[PDB]
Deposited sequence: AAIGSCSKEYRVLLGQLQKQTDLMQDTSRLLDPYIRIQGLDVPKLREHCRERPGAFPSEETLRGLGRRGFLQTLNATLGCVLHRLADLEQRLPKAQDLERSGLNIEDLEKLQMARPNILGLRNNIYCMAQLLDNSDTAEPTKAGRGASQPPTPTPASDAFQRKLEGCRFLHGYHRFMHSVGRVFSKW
């Protein structure tokens, strides 16, 4: 929350956190598992949705404050989509009977707190700058959405590494 800040330390925190969030084993994979999508043929159908997320090229074209603003607005949309996905996710009390893993649900529950933490650091940095479908189909969209989110964070970590 608080904004204890020396520019280089904060930037180090942002580089570290964003480079970590690109890792598909943290959200996308447990998601595929807990929704029963972990079968080879279905997996290939979990690819990013073209235009769902800003390209690395658009992100690089932005300029410092613009980058933070676009990043922050996107994470906003992500938190909302995530809140929606989470409500439709199997409930902890039904996992055993359905043969699912509580560890996958626990990993998935870190998504929101992690993103809020990143958003807080983004605001602190901004302060340092001088200025339809059935249920089956919906699970697949969740798939594609998370895949796009991880690729997006990858692009984001790349822009930060050159800060």
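Colleague: What's missing from the model if you number the deposited sequence from 1?
Modeller: 1 to 3, 135 to 155 are the stretches of the deposited chain that have no C-alpha coordinates in the structure.
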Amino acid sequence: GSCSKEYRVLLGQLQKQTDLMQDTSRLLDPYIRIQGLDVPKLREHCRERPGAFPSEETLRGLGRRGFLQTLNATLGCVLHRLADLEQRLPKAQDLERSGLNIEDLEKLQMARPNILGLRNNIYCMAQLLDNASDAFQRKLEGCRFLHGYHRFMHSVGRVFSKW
From here on, numbers count along this sequence of modelled residues.
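Colleague: Output the stretch having the higher mean C-alpha B factor in the entry; the candidates are 5 to 13 and 142 to 150.
Modeller: The recorded data point to 5 to 13.
Colleague: Compare the mean C-alpha B-factor of 44 to 52 with that of 30 to 38 as given in the PDB entry, and name the stretch with the higher value.
Modeller: Stretch with the higher mean C-alpha B-factor: 44 to 52.
Colleague: Using the temperature factors in the entry, find which of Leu116, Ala132, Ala126, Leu105 has the highest value at its Cα atom.
Modeller: If I rank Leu116, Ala132, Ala126, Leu105 by C-alpha B-factor, first place goes to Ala132.
Colleague: Please say which third, lowest, middle or highest, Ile122 falls into when its CA temperature factor is compared across its chain.
Modeller: According to the entry, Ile122 has a C-alpha B-factor in the chain's lowest third.
Colleague: Is the Cα B-factor recorded for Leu75 in the lowest, middle or highest third of its chain?
Modeller: Answer is lowest: the recorded C-alpha B-factor places it there.
Colleague: Could you say whether, by C-alpha temperature factor, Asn101 belongs to the lowest, middle or highest third of its chain?
Modeller: Tercile = middle for this residue's CA B-factor.
Colleague: If you rank every modelled residue in this chain by C-alpha B factor, which third holds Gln109: lowest, middle or highest?
Modeller: For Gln109, whose C-alpha B-factor we compare with every modelled residue in the chain, the answer is the highest third.
Colleague: Considering every modelled residue of the chain and its Cα B-factor in the PDB entry, is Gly63 in the lowest, middle or highest third?
Modeller: For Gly63, whose C-alpha B-factor we compare with every modelled residue in the chain, the answer is the middle third.
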